[PDB]
Amino acid sequence: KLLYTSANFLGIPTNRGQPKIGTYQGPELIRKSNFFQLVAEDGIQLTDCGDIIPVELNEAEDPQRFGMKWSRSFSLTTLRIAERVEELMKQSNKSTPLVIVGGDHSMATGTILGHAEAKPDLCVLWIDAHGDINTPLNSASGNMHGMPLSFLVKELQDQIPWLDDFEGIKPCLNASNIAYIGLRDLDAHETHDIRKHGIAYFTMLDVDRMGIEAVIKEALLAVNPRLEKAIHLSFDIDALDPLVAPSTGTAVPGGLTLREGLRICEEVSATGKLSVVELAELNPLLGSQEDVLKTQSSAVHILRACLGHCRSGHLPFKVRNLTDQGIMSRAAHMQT
Amino acid sequence: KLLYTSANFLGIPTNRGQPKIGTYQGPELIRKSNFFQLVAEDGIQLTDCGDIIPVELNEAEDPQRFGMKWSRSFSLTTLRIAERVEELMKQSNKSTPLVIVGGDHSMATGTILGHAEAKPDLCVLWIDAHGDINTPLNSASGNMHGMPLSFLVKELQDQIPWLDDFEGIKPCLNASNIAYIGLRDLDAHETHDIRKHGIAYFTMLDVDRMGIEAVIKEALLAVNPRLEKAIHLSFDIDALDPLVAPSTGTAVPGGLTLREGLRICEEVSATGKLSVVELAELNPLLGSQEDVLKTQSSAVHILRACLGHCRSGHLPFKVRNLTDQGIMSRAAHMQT
Amino acid sequence: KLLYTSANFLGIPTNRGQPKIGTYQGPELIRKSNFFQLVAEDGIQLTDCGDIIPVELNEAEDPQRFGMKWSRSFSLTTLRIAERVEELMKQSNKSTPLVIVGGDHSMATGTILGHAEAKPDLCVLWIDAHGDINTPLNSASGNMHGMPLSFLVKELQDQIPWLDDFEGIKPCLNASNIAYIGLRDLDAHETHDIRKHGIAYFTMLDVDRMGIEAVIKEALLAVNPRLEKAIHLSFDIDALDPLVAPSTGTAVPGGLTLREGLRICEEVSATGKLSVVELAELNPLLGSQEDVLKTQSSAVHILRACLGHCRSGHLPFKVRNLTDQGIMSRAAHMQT
Ligand SMILES: N[C@@](CCCC[B-](O)(O)O)(C(=O)O)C1CCN(Cc2ccc(Cl)c(Cl)c2)CC1
Ligand SMILES: N[C@@](CCCC[B-](O)(O)O)(C(=O)O)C1CCN(Cc2ccc(Cl)c(Cl)c2)CC1
Ligand SMILES: N[C@@](CCCC[B-](O)(O)O)(C(=O)O)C1CCN(Cc2ccc(Cl)c(Cl)c2)CC1
Ligand SMILES: [Cl-]
Ligand SMILES: [Cl-]
Ligand SMILES: [Cl-]
Ligand SMILES: [Cs+]
Ligand SMILES: [Cs+]
Ligand SMILES: [Cs+]
Ligand SMILES: [Cs+]
Ligand SMILES: [Cs+]
Ligand SMILES: [Cs+]
Ligand SMILES: [Cs+]
Ligand SMILES: [Cs+]
Ligand SMILES: [Cs+]
Ligand SMILES: [Mn+2]
Ligand SMILES: [Mn+2]
Ligand SMILES: [Mn+2]
Ligand SMILES: [Mn+2]
Ligand SMILES: [Mn+2]
Ligand SMILES: [Mn+2]
């Protein structure tokens, strides 16, 4: 009765991809929730594989290079993440989805790198208000969480500056393997690159005009037309409207409703090809206590959908019956 | 110009169906609002018929039986409610809708029981995040507000334990007479029963895929295909998204928008068959002061829609004209 | 690459159209935001033309007349506004949109009056929870922000009382030139007038049944069928749901989502006929600090859409390239 009967859970508390402290508490926000319990109530066996420890260098060891902040912390963390994800995905080779909770979105360079080592023909569905595809000299901020796809996309490599410590970060994605949903705050140079190299993208304007059901269908058709490929689902929590996920660093008004979010994850889950889902940019240090609780529960419902939770209900494993307990029913009594 | 020119209002402050104190203040939350005034501004004559007094036994008088909490308080309250609703509906036999404000949802066993005495061929539209159809041995909580339909549905009576004090609670509904809208947190055994006995149900997944306009149409077609039957509309306020109804005991993210809620009620009202509407699970003791105000106003707009309020406007009874007052208009002056 | 390369910005801090203090701070709420900066980042040259000073008489100078509150302050302010807007629109005669930030909605009588002097064949798109078309003897409140269209519509002039100081407020609109979107709280006499004189109107019920995409299309077809006419877009911030614009004086539940709001403005902008947009009823003195921030940002995104901001992204003016900076790319290095 289950598409996935087992899953792995992994925390990655990245916080050097952007300057607001708190994304390192993202994984704990989910472990504190009722997520594990709810997943078990649906019959799925979920193993907590712990946390990856990011490499966090001090300032002297990691000065700006090409405007990037903490780029050596990033290159070392990226390789450490990729190694771990690769090994998790190879022991898994019904499939066993890996659920990753961040951490700021700079982690995706590592998770996709490692994922692609185990499954080189994968596709990527990127759910985000933002493109996360700035090349370093175009980044207005220097924040690495705004650049993680640019290092992975083969077509962009003539706009990435060479750095020795980045050598092991091999571009493993073709522009044709990525589709965006949720965009509403692209930088001009992101827009240029996306359109030039033909990356499939469905912005909130597309969601408004097409509806989320057509958008999901067209995104899957664009990068996984016959469901042949493993799916890496990279879900930025700020893809969702600030009304349901306020506790995140770069919140943008006019986002996906929670329900639109669930629909993306439900459809992706139902392909049977969900290989990795990562959830980025939870920051429980942002907003009120009630803000944190809203963001937490949105995250939990999103992750549950990813593992196959069905809003139209699940059947019980064992169907209970009164007579087995030696109890007299109303129907039985009315008979006698 | 009005489908219903008169209506009755009844409070039922049930609070022994679930453990959070405060649902007993639900009716007063609405009497304190501008509801009565707004209904009068549309030309509808609304009579406040007061409150039913629930039977609330002490612990010694009402211990657990088959895991149910406060089950004798429930059986006695159910009969008291049914008697009152029956008598209100028979004096009413244009029709006169009865508007009931709860109170936790355990009251529905009584309201439907009494309603069905006056109108035995009725149908039920159940608007809820939850199924409220757990049979007692499957209930994980023992809370009666999670069980009220199970006692009414004929097909379920071989899974209801016999209790003498429940004898007068006669199953008056066929599975074929009920349709759900809004579901998103069914228990596994609810799912089993609903599907086994073919109860029409439209979950939030159906609402996402079909749209609320098709959902309403299909729900009405399923249980009232030619508008021959009286309608009992049982509206749990937690059917609506927590963003618009936060002050309720079992809030579930991803609910109906207020507008989707209004559309259900507008269509149900416009059939001319709305016989009873009850609004359950208001708890003004939950949430901030602003939470309570949001929940209150959502409830008021919902109830107004039920009585035929039209968002596209109403015509005046008397059309006013300047000349009657002996006043010179701009047009008149420009003439002379 | 731009439909409008220049725009003017004008504040009108009206506050005598309604009794809650604070709408006079509306323009400053927007000047304090990042609006100007964001508009510049899209390549649009925006000139701040300052504020109009409303005429605010004391009580003795301005007693009630025909139940209207502050009607002489209104007539004098209306003429002062109209003169200023006219002169701004004539120097502008690619077109140069005028962006007006209120101020309560009583200002529209003046802005449309002056606009129509420069462009007499204009059409009006009125985005509002309310009709703002009460004639003075039908107004239950006496608040002028609830009456501004009634003075402009030729067909209504036999229901406007003559007042000498109103003589210069010439009715410049035909009922056939106006379309509403967003209505959900019409007064009965508004409903009567709208239907009698055939004013196009699309309420939230129409938005629910038709969807905003069809609604926009039909509104534009009704009053600007071949895009021949200049458009006056009069956007009441309370058209939007209180969840995204809480800081306004007459908030009504069940409004446009922010996204629906953006879609209206995006389509209106894209006609190339957007001549004036005014944004009314911001009140930063209402609600919490976070309420004010939500309302502010909703306003900013709305105004940006009006000037042609594209949620699917903009192309850069200058495309940057690594080699120009004498930097070695990853691709280049891999070659050698
Ligand atoms: N793209 C961003 C955000 C990336 C967020 C990372 B995510 O939360 O993981 O999706 C990034 O940091 O790369 C910024 C960049 C700056 N824009 C506004 C902007 C645009 C153009 C100019 Cl010239 C300037 Cl000065 C500012 C907002 C998004
Ligand atoms: N169905 C509920 C809620 C009924 C709310 C009553 B209403 O607010 O009037 O609609 C009820 O109380 O009957 C609960 C039951 C427990 N589930 C979660 C759950 C599911 C399965 C298991 Cl095994 C466990 Cl331990 C927990 C949530 C809804
Ligand atoms: N139309 C209103 C609001 C206008 C708001 C101006 B806006 O914020 O610029 O759109 C205005 O002030 O003109 C009121 C009038 C009173 N109704 C409720 C009502 C209806 C009928 C009667 Cl008989 C009574 Cl006593 C009350 C709400 C909107
Ligand atoms: Cl597209
Ligand atoms: Cl169905
Ligand atoms: Cl219409
Ligand atoms: Cs826990
Ligand atoms: Cs696109
Ligand atoms: Cs905080
Ligand atoms: Cs009252
Ligand atoms: Cs179903
Ligand atoms: Cs409280
Ligand atoms: Cs500023
Ligand atoms: Cs209409
Ligand atoms: Cs305040
Ligand atoms: Mn983002
Ligand atoms: Mn991101
Ligand atoms: Mn419920
Ligand atoms: Mn319920
Ligand atoms: Mn308004
Ligand atoms: Mn208005």
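Each ligand, and each atom within it, is numbered from 1 in the order the structure gives. So you know, we letter chains A, B, ... as the sequences are listed, proteins then strands, and number each from 1. These values consider heavy atoms only, across backbone and side chains, with no hydrogens, waters or symmetry-generated copies.
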Nearest heavy-atom approach of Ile81(C) to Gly110(C) is CG2-C, 3.5 Å
**Message:** Ignoring hydrogens and geometry beyond distance, is a side-chain donor-acceptor pair present between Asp238(C) and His130(C) at under 3.5 Å?
**Reply:** yes
Check your understanding: Does the ring centre of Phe151(C) sit less than 6.0 Å away from the ring centre of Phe166(C)?
Key -> yes
One checks the Mn ion (ligand 20) and counts protein N, O or S atoms under 2.8 Å, reaching 5
Closest heavy-atom pair, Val153(C) versus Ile178(C), reported as atoms and distance to 0.1 Å, is CG2-CD1, 3.6 Å
Given the options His145(C), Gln18(C), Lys20(C), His105(C), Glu281(C) meets side-chain hydrogen bond (donor to acceptor under 3.5 Å, both in side chains) only with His145(C)
Between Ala305(C) and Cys265(C), the two heavy atoms sitting closest are CB-CB, 3.8 Å
